[PDB]
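Don't worry about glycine lacking a Cβ; one is built from the backbone with ideal geometry, like all the others, and counts go over all protein chains shown. Every number here is computed from the coordinates shown, using simple stated rules; none is lab data.
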Amino acid sequence: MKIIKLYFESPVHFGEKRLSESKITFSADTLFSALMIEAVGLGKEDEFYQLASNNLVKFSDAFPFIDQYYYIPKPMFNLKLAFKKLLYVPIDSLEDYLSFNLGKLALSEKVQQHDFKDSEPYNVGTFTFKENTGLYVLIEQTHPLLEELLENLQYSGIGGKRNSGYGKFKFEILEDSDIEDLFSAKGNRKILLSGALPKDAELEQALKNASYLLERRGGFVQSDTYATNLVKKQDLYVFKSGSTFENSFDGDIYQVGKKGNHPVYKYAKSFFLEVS
RNA sequence: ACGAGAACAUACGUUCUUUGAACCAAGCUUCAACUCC
């Protein structure tokens with residue numbers, strides 16, 4: 001199981017509800033949406049969907065990482081038992097569990113001027129990473145196709161505010177074996193690592209002793225082909241990445257657009273870190 | 001088929017107005033056109 005490390009040399013804007021604020025990381029269907037839009041840039045979008053639909057391409061979402069420390073969101077248990085301010089724990093320090101600051105959020109103030117009229121300002125929330133940090137994306141069984149797409153994505157930009165002028169990155173794989181054995185392990189409680197949602201006939205079996213938050217996950221369709229306007233998406237509600245489940249489930253790539261000239265998918269497949 | 005798409009933090013605006021590098025202060029003090037043969 002491989003690593004995908006993302007080094008940003010420019011600020012990022014990962015919006016979650018509005019342009020004025022931003023988020024440290026980006027989700028999994030955000031990266032999958034970027035890969036779909038770039039694959040239909042290359043025309044190979046159909047067999048990329050047939051790869052990601054049949055589990056050979058299965059990635060988690062982005063996580064913070066500092067120099068030789070890979071992080072995850074604080075897994076949230078039914079713990080009966082200060083470190084309550086900390087949002088991220090190192091990925092190998094879960095056994096110890098049972099200082100940290102990457103970057104700083106900034107707000108960039110912009111304007112749009114009209115020539116024979118008064119101007120109008122708008123402001124963009126940004127995030128800038130420190131010099132020896134960034135984000136990393138977990139992936140198992142790397143494919144030549146996704147190695148080609150991320151090689152091609154880095155000149156289009158992950159992030160929100162494009163193409164002015166923020167999201168750009170250079171990636172490298174840099175596989176690791178100190179944390180592959182964590183994912184080869186098996187335990188009794190399995191934490192989630194991506195924004196996921198089980199299929200309708202297994203949500204009950206997935207929902208037994210869980211600890212989760214829903215997140216709304218919608219927005220606008222970003223294409224020049226979906227139905228001659230800016231149509232919103234069917235707001236899918238997926239589990240938060242810092243969830244825990246005692247029993248596993250497998251997600252689906254749900255179609256959240258069913259009215260334009262092409263389908264709009266949303267990645268909601270599961271990715272577990274099994275722990276005792 | 002990225003809470004996304006499109007968007008100059010832009011337009012206007014004299015580091016400027018008033019202000020003697022001035023005031024006070026002897027080119028002066030002491031000296032033989034001279035001594036010797």
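For region A:166-276, what class follows from the C-alpha gyration tensor (a ≥ b ≥ c being the square roots of its eigenvalues): rounded when a/c is under 1.5, otherwise prolate if a/b is larger than b/c, else oblate? Oblate shape, in that a/c is at least 1.5 and b/c is the bigger or equal ratio. Altogether, the Stokes-Einstein calculation at 10 °C and 1.306 mPa s, with the Kirkwood radius of chain A over Cα pairs as Rh, returns a diffusion coefficient of 80 µm²/s. Computed over chain A, the per-residue total of -39500 (n - 2.57) for DSSP H runs of n ≥ 4 gives a 222 nm mean residue ellipticity of -4500 deg cm²/dmol, rounded to 500. Cα centroids of region A:15-89 and region A:168-212: how far apart, whole angstrom? Centre-to-centre distance over Cα atoms comes out at 11 Å.
Counting neighbouring beta carbons within 10 Å and listing from fewest to most, the residues A:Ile24, A:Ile72 come out as A:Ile24, A:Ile72. Divided by 2.2 N^0.38 Å, where N counts the residues, the Cα radius of gyration of region A:35-170 comes to 1.39.
Annotation: amide H-H contacts under 5 Å for A:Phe245 (H modelled 1.01 Å from N, sequence separation of 5 or more, or interchain): A:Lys190, A:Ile191, A:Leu192. Only one residue of A:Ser211, A:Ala227, A:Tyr166 has its Cα farthest out toward the positive end of the dipole of region A:138-260, where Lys and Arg carry +1 and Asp and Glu -1 on Cβ, and that residue is A:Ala227.
For the cross-link pairs A:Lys23/A:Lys104; A:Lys44/A:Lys240; A:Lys58/A:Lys266; A:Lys2/A:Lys208; A:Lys233/A:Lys258; A:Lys58/A:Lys240, the ones whose C-alpha atoms lie over 20 Å apart are A:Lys44/A:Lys240; A:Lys2/A:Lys208. Here the Karplus relation 6.51 cos²θ - 1.76 cosθ + 1.60, evaluated at θ = phi - 60°, turns the backbone of region A:164-173 into coupling constants of 10, x, 8, x, 8, 7, 10, 10, 8, 6 Hz, with x for every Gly and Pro.
Annotation note: GluC sites (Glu not before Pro) in region A:186-276 located in DSSP loop regions with a Cβ neighbour count of at most 16 within 10 Å are A:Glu202, A:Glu246. With θ taken as phi - 60° and the Karplus curve 6.51 cos²θ - 1.76 cosθ + 1.60 applied, the whole-hertz 3J(HN,Hα) list for region A:48-55 is 5, 5, 6, 6, 6, 6, 10, 6 Hz, x standing for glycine and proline. Counting every other Cβ atom within 10 Å of each residue's Cβ, A:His262, A:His13 order from fewest to most as A:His262, A:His13. Measuring r between the beta carbons of A:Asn123 and A:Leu214 and using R0 = 30 Å, the FRET efficiency lands at 0.55.
Summarising the amide proton neighbourhood of A:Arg162: residues at separation of 5 or more, or on other chains, whose placed amide H is nearer than 5 Å comprise an empty set. Sparse packing (at most 12 other Cβ atoms within 10 Å of the Cβ) combined with a DSSP loop state is found for the following trypsin sites (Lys or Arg not before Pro) in region A:145-192: A:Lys186.
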